[PDB]
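Following: one structure in structure tokens, then a few remarks.
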Amino acid sequence: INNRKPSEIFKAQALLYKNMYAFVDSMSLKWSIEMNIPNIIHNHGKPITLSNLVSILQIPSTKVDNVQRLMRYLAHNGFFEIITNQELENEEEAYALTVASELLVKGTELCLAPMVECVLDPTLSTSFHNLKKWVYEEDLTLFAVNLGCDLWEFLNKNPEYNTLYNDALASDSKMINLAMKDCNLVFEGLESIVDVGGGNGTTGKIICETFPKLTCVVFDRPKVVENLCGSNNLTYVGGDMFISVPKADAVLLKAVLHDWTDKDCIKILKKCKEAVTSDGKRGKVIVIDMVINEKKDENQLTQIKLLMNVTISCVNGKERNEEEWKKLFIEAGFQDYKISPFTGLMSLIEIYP
Amino acid sequence: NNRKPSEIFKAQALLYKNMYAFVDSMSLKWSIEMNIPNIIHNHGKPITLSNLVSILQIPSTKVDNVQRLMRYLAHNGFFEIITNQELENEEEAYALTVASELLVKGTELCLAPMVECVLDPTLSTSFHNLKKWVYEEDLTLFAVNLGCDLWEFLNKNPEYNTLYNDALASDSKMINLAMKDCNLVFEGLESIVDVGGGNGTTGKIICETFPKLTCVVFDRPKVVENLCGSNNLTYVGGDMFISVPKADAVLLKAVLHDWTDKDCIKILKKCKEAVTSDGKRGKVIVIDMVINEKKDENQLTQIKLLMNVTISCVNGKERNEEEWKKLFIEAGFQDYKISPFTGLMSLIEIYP
Ligand SMILES: Nc1ncnc2c1ncn2[C@@H]1O[C@H](CSCC[C@H](N)C(=O)O)[C@@H](O)[C@H]1O
Ligand SMILES: Nc1ncnc2c1ncn2[C@@H]1O[C@H](CSCC[C@H](N)C(=O)O)[C@@H](O)[C@H]1O
Ligand SMILES: COc1ccc(-c2coc3cc(O)cc(O)c3c2=O)cc1
Ligand SMILES: COc1ccc(-c2coc3cc(O)cc(O)c3c2=O)cc1
Ligand SMILES: [K+]
Ligand SMILES: [K+]
Ligand SMILES: [K+]
Ligand SMILES: [K+]
Ligand SMILES: [K+]
Ligand SMILES: [K+]
Ligand SMILES: [K+]
Ligand SMILES: [K+]
Ligand SMILES: [K+]
Ligand SMILES: [K+]
Ligand SMILES: [K+]
Ligand SMILES: [K+]
Ligand SMILES: [K+]
Numbered sequence: 005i006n007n008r009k010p011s012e013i014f015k016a017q018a019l020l021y022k023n024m025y026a027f028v029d030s031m032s033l034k035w036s037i038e039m040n041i042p043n044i045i046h047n048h049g050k051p052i053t054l055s056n057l058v059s060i061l062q063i064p065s066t067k068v069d070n071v072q073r074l075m076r077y078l079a080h081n082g083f084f085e086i087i088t089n090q091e092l093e094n095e096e097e098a099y100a101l102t103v104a105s106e107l108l109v110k111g112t113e114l115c116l117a118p119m120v121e122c123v124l125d126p127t128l129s130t131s132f133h134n135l136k137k138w139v140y141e142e143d144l145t146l147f148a149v150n151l152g153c154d155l156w157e158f159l160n161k162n163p164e165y166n167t168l169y170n171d172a173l174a175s176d177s178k179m180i181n182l183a184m185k186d187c188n189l190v191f192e193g194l195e196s197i198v199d200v201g202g203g204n205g206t207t208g209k210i211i212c213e214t215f216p217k218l219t220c221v222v223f224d225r226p227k228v229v230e231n232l233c234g235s236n237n238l239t240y241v242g243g244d245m246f247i248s249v250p251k252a253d254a255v256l257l258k259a260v261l262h263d264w265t266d267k268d269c270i271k272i273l274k275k276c277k278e279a280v281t282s283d284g285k286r287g288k289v290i291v292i293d294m295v296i297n298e299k300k301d302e303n304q305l306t307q308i309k310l311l312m313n314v315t316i317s318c319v320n321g322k323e324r325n326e327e328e329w330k331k332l333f334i335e336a337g338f339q340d341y342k343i344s345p346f347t348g349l350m351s352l353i354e355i356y357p
Numbered sequence: 006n007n008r009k010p011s012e013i014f015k016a017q018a019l020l021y022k023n024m025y026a027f028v029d030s031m032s033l034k035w036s037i038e039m040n041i042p043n044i045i046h047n048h049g050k051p052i053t054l055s056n057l058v059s060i061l062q063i064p065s066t067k068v069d070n071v072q073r074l075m076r077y078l079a080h081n082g083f084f085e086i087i088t089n090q091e092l093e094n095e096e097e098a099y100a101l102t103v104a105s106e107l108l109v110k111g112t113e114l115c116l117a118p119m120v121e122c123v124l125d126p127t128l129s130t131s132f133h134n135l136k137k138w139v140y141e142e143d144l145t146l147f148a149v150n151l152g153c154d155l156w157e158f159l160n161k162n163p164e165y166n167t168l169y170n171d172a173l174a175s176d177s178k179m180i181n182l183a184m185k186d187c188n189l190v191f192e193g194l195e196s197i198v199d200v201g202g203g204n205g206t207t208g209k210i211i212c213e214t215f216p217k218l219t220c221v222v223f224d225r226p227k228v229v230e231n232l233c234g235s236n237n238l239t240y241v242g243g244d245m246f247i248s249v250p251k252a253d254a255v256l257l258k259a260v261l262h263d264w265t266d267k268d269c270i271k272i273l274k275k276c277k278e279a280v281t282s283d284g285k286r287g288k289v290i291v292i293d294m295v296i297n298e299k300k301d302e303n304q305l306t307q308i309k310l311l312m313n314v315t316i317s318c319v320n321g322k323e324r325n326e327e328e329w330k331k332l333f334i335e336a337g338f339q340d341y342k343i344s345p346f347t348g349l350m351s352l353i354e355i356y357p
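These protein sequence lines map, in sequence, to chains A and B.
If you're matching positions, the first sequence starts at 5 in PDB author numbering and goes up one per residue.
If you're matching positions, the second sequence starts at 6 in PDB author numbering and goes up one per residue.
Spelled out as structure tokens, the structure:
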């Protein structure tokens with residue numbers, strides 16, 4: 005402002021407006037999903053013209069241009085590819101899917117539409133209007149502050165959401181499976197592994213099916229693995245990771261450490277190190293979680309990771325940058341580490357004792 | 006749908022960015038409600054996190070949450086993070102940027118009121134029901150989700166008056182700034198007619214910036230029915246489709262975007278004769294958005310395409326340069342020139 009060139013001031017105004025109206029990026033995405041446009045295009049078997057698209061959707065004539073404008077914006081953001089014969093005015097444009105919208109085709113193994121609808125649930129998403137009240141409350145999560153209940157209770161009293169939540173879990177399961185396929189260099193030489201905080205063993209199964217020779221122990225709290233049956237190379241063990249971790253060539257901590265403070269992670273890591281360095285053996289600890297690094301990642305990637313650190317903080321979680329991870333490893337008594345890609349948001353970290 | 010893993014993961018990252026985009030908006034709203042811009046401004050220099058949370062009186066268990074929000078806002082351009090004096094010893098400090106200087110309440114160009122209004126819970130959540138809206142003939146987004154158009158809503162809920170008025174007040178300041186950067190446009194003009202001039206706010210800004218100019222605020226009879234103007238400002242009621250008062254120049258600010266091409270042609274023709282009578286040859290001035298993916302910066306096109314959607318929710322129709330050009334041609338004009346106005350609007354000079 006101060007004695008700046010109007011152009012500079014107006015450029016800032018535009019930036020302000022982009023962030024102010026950023027929620028429309030979300031709502032437009034949600035709209036495309038609720039309208040089932042990605043599936044309609046998929047069913048069409050080729051790029052679909054605007055006229056055929058609104059005809060199938062049965063869009064009122066006074067709203068056809070609104071649909072076009074929405075499609076244009078979504079296309080700009082990478083969700084559709086506008087196919088049009090330049091230099092042929094009378095001819096309309098067509099909409100083709102992009103990798104991003106193919107991931108929105110309901111019924112497919114990797115479909116992220118469910119995750120999107122869960123995130124954009126009116127009740128949950130609107131809670132972010134009260135970030136101020138939330139930062140002034142000790143310990144409470146954003147939802148505890150805004151809804152008076154935790155996501156678990158919300159899930160229990162919202163069947164629609166619960167249905168989406170479960171679809172989202174299935175899809176994410178397929179994403180991890182896809183991710184695991186390129187990790188042969190990490191797992192292929194192991195004879196045994198323990199998935200610490202493994203839950204219902206979904207991850208352990210993926211690991212076992214991917215690496216048939218590897219034996220896996222799904223380790224979690226007793227009540228979590230309570231009446232689960234292990235089969236061929238996959239077994240369940242109940243316990244407390246802070247007290248003791250089952251011995252193995254490697255330990256896996258997937259989406260576990262981001263739920264704990266630095267002090268607790270160090271303790272967890274120490275127990276895991278213990279688990280892979282007994283009987284005169286020297287294995288390794290594998291951590292699958294987000295690694296923030298503004299120096300190594302592309303600016304657009306750092307942006308979503310930073311965004312995610314904010315969102316998870318709302319549920320008292322924490323994403324860490326590489327230096328922070330390094331600190332933890334050193335404090336836990338490890339000698340070195342290596343980071344590799346896992347998914348577009350999570351990385352795989354190998355920690356050596 | 007056989008894609009490479011890397012393609013799939015990049016697409017997932019893209020999806021997460023868009024589904025969580027509303028947080029960009031909410032974190033911005035948060036910084037304003039926390040008066041962070043003002044706190045940094047008053048400090049007179051970059052503020053350390055410790056000093057910031059101290060002034061804010063943030064509970065110890067949420068200090069890192071505030072840190073993550075500031076880090077994200079900084080990345081998006083609202084703050085500059087300054088590193089510590091010692092190595093190994095983290096304390097960053099936060100400095101304002103041009104974007105956040107616009108969020109410092111009390112300053113002349115503050116846009117915080119605009120943000121607070123747009124991001125009002127009741128108003129902003131209407132966007133959750135875009136589907137219902139596109140299946141309704143003619144209704145605006147607000148009419149469909151609030152039950153009535155925004156004007157009626159404000160009448161029924163007076164509390165939103167100070168919010169809306171203040172937002173409009175911040176926008177006029179942007180207009181005033183823009184107007185003072187348009188000397189070359191109003192140079193040589195003795196008279197101007199603001200067609201669809203509304204209450205005269207724009208005309209007042211024009212006359213004040215150019216005491217040399219005389220302006221006629223032209224609008225529907227009932228719009229200027231009981232309005233009084235200054236010595237260089239007067240009001241005239243009528244219908245632009247029927248007849249537009251003569252003058253050296255005609256101004257159409259945020260008018261053409263709410264009419265179909267056919268009606269714009271009608272208006273533009275009436276404006277043409279308005280500045281080409283009595284053997285004189287003036288020009289028509291249009292202030293509205295001009296979309297151009299070929300000449301605009303990527304980020305500018307981004308917001309214009311977004312605003313293209315938001316404006317349509319109120320039945321507005323923004324146009325790209327090619328479309329504007331075609332309307333000017335069919336209207337009988339010979340040439341045009343587009344100049345910078347504000348961040349999202351341009352100023353087009355049309356020559357008959
Ligand atoms: N002391 C403890 N010992 C073992 N598991 C624990 C634990 N405290 C919490 N957990 C487990 O932490 C897990 C966090 S969810 C972890 C995610 C999971 N590995 C995945 O791939 O989705 C839960 O399954 C929870 O029961
Ligand atoms: N036939 C007509 N003649 C003159 N003004 C008209 C009109 N039909 C609609 N309008 C006017 O169109 C205007 C659109 S909004 C005007 C905004 C104004 N130029 C600004 O810069 O803020 C309204 O003031 C409305 O009264
Ligand atoms: C620690 O793992 C987690 C736990 C919770 C989230 C999470 C964060 O923000 C949200 C916002 C919404 O509007 C709706 C949601 O449904 C969520 C989540 O589920 C993200 C990662
Ligand atoms: C060009 O004129 C216009 C017409 C409409 C708008 C506009 C667009 O989206 C909004 C969204 C909200 O949540 C609240 C609002 O209050 C608005 C507006 O006022 C902005 C400028
Ligand atoms: K400057
Ligand atoms: K296609
Ligand atoms: K699905
Ligand atoms: K408060
Ligand atoms: K919660
Ligand atoms: K125990
Ligand atoms: K994580
Ligand atoms: K780092
Ligand atoms: K919202
Ligand atoms: K309206
Ligand atoms: K009402
Ligand atoms: K416009
Ligand atoms: K264009």
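Ideal placement from N, C-alpha and C gives every residue a C-beta, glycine not left out.
> Exposed or buried, what is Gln17/A when buried is set at 16 or more other beta-carbons lying within 10 Å of its beta-carbon?
Replying inline: Result: buried.
> Secondary structure at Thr281/A, three-state DSSP: helix, strand or coil?
Replying inline: Assigned with DSSP and collapsed to three states, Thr281/A falls in coil, not helix or strand.
>> For a test of your reading of the model: does the CB of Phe147/B fall under 6 Å from any non-hydrogen atom of ligand 14? Yes or no.
In response: A distance criterion of 6 Å places the beta-carbon of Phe147/B in contact range of ligand 14, judged by its closest non-hydrogen atom.
>> When you compare the stretch 98-110 of chain A with the stretch 75-83 of chain A, are there three or more beta-carbon pairs, one atom per stretch, that lie closer than 8 Å?
In response: In the pairwise beta carbon analysis, the stretch 98-110 of chain A is classified as touching the stretch 75-83 of chain A: at least three pairs are separated by under 8 Å.
> Among residues of its own chain, excluding the 5 on either side of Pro118/B, which ones have a beta-carbon nearer than 8 Å to its beta-carbon?
Replying inline: Short of 8 Å from the beta carbon of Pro118/B, and not among the five residues preceding or following it, lie these beta carbons of its own chain, in chain order: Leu168, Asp171, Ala172, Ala174 and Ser175.
> Which residues count as close to ligand 3 when the rule is a CB under 7 Å from any of its heavy atoms, in chain order?
Replying inline: One residue after another in chain order, those with a Cβ under 7 Å from a heavy atom of ligand 3 are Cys122/A, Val123/A, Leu124/A, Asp125/A, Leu128/A, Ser129/A, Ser131/A, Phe132/A, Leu155/A, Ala259/A, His262/A, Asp263/A, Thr315/A, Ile316/A, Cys318/A, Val319/A and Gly321/A.
> Any chance the stretch 86-93 of chain B sits against the stretch 32-44 of chain B, with 3 or more Cβ pairs inside 8 Å?
Replying inline: Fewer than three beta-carbon pairs drawn from the stretch 86-93 of chain B and the stretch 32-44 of chain B are found closer than 8 Å, and the two stretches are therefore not classed as touching.
> Is the closest heavy atom of ligand 10 to the C-beta of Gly243/A under 6 Å?
Replying inline: Distances between the C-beta of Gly243/A and the heavy atoms of ligand 10 include at least one below 6 Å.
> Considering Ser175/B, what are the terminal residues of the alpha helix (DSSP H) in which it resides?
Replying inline: Start and end: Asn166 to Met184.
> Shortest alpha-carbon distance to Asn325/A belongs to which of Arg73/B, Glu121/B, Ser59/B and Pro10/B?
Replying inline: Minimum Cα distance to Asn325/A is reached at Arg73/B.
>> Suppose you measure from the CA of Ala279/A to the CA of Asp301/B; what does that come to, to the nearest Å?
In response: Going from the Cα of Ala279/A to the Cα of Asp301/B covers about 58 Å.
> Would you say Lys22/A reaches chain B, if we count a Cβ-Cβ gap shorter than 7 Å as a contact?
Replying inline: Interface residue, yes.
> Of all the CB atoms in chain B, is at least one closer than 7 Å to the CB of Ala16/A?
Replying inline: Answer yes: the Cβ-Cβ gap between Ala16/A and chain B drops below 7 Å somewhere.
>> Against chain B, with Cβ distances strictly below 7 Å, would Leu261/A count as a contact?
In response: Chain B contact via Cβ: absent.
> Name the residues in the stretch 170-184 of chain A whose C-beta lies less than 8 Å from a C-beta of chain B; which are they?
Replying inline: The residues in question are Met179, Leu182 and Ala183.
> Is the Cβ of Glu213/A closer than 7 Å to any Cβ of chain B?
Replying inline: Answer no: the Cβ-Cβ gap between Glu213/A and chain B never drops below 7 Å.
> For the stretch 73-84 of chain A, which residues have a CB atom closer than 7 Å to at least one CB atom of chain B, in sequence order?
Replying inline: Residues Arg73, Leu74, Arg76, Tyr77, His80, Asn81 and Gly82.
> Exposed or buried, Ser317/A, counting other C-beta atoms within 10 Å across all chains shown (16 or more means buried)?
Replying inline: Counting every other CB atom within 10 Å of its CB across the protein chains shown gives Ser317/A a total of 16 or more, marking it as buried.
> Since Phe333/B and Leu273/B are thought to touch, with beta carbons under 8 Å apart, how far apart are those beta carbons, to the nearest angstrom?
Replying inline: That pair is a contact at about 7 Å.
> Does any C-beta atom of chain B lie closer than 7 Å to the C-beta of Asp29/A?
Replying inline: Interface residue (Cβ-Cβ distance to chain B less than 7 Å): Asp29/A is classified as such.
>> For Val260/A, count the other beta carbons within 10 Å of its own beta carbon; 16 or more makes it buried, fewer makes it exposed. Which is it?
In response: Classification for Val260/A: buried.
>> Mapping the DSSP letters down to three states, classify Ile60/A as helix, strand or coil.
In response: Shown here, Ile60/A sits in a helix according to DSSP, grouped into three states.
> Quick one: which chain A residues come within Cβ less than 8 Å of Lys322/B?
Replying inline: Residues of chain A passing the Cβ test: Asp69.
> Counting only runs that start and end within the stretch 53-104 of chain B, where is the beta strand (DSSP E) found for 3 or more residues in a row?
Replying inline: Qualifying beta strand (DSSP E) stretches, in chain order: 84-87 and 98-101.
> When you compare only the Cα positions, how much space is there between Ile296/A and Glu327/A?
Replying inline: Near 9 Å, if we compare the C-alpha coordinates of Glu327/A and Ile296/A.
> Listed in chain order, which residues of the stretch 31-51 of chain B have Cβ atoms closer than 8 Å to some Cβ of chain A?
Replying inline: Contacts with chain A (Cβ-Cβ distance below 8 Å) from the stretch 31-51 of chain B involve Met31, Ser32, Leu33, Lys34, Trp35, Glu38 and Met39, listed in chain order.
> Per DSSP, what kind of secondary structure is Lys274/B in: helix, strand or coil?
Replying inline: Three-state result, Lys274/B: helix.
> Using a C-beta cutoff of 7 Å, does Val291/B count as contacting chain A?
Replying inline: No, its Cβ sits nowhere closer than 7 Å to a Cβ of chain A.
> Closest to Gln339/A by CA distance: which of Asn313/A, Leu310/A and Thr281/A is it?
Replying inline: Per the Cα distances, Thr281/A.
>> Bridge partners for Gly152/B per DSSP, in chain order?
In response: According to DSSP, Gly152/B shares a beta bridge with no other residue.
> At a CB-CB cut-off below 8 Å, which residues of chain B make contact with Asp186/A?
Replying inline: Residues of chain B passing the Cβ test: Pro10.
> Are the C-beta atoms of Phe246/A and some chain B residue less than 7 Å apart?
Replying inline: With 7 Å as the cut-off, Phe246/A does not count as an interface residue toward chain B.
> With respect to 6 Å, is the separation between the Cβ of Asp176/A and the closest non-hydrogen atom of ligand 7 below this value?
Replying inline: Incorrect: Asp176/A has no Cβ contact closer than 6 Å to ligand 7.
> Which ranges does the beta strand (DSSP E) cover as unbroken runs of at least 3 residues, wholly within the stretch 309-345 of chain A, from first to last along the chain?
Replying inline: Here the runs fully enclosed are 340-345.
>> Comparing C-alpha positions only, which one of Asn237/A, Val68/A, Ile197/A and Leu78/A sits nearest to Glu96/A?
In response: Cα-wise, what sits closest to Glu96/A is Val68/A.
> Name the chain B residues whose beta carbon is nearer than 7 Å to that of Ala26/A?
Replying inline: Result: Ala26, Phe27, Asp29 and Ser30.
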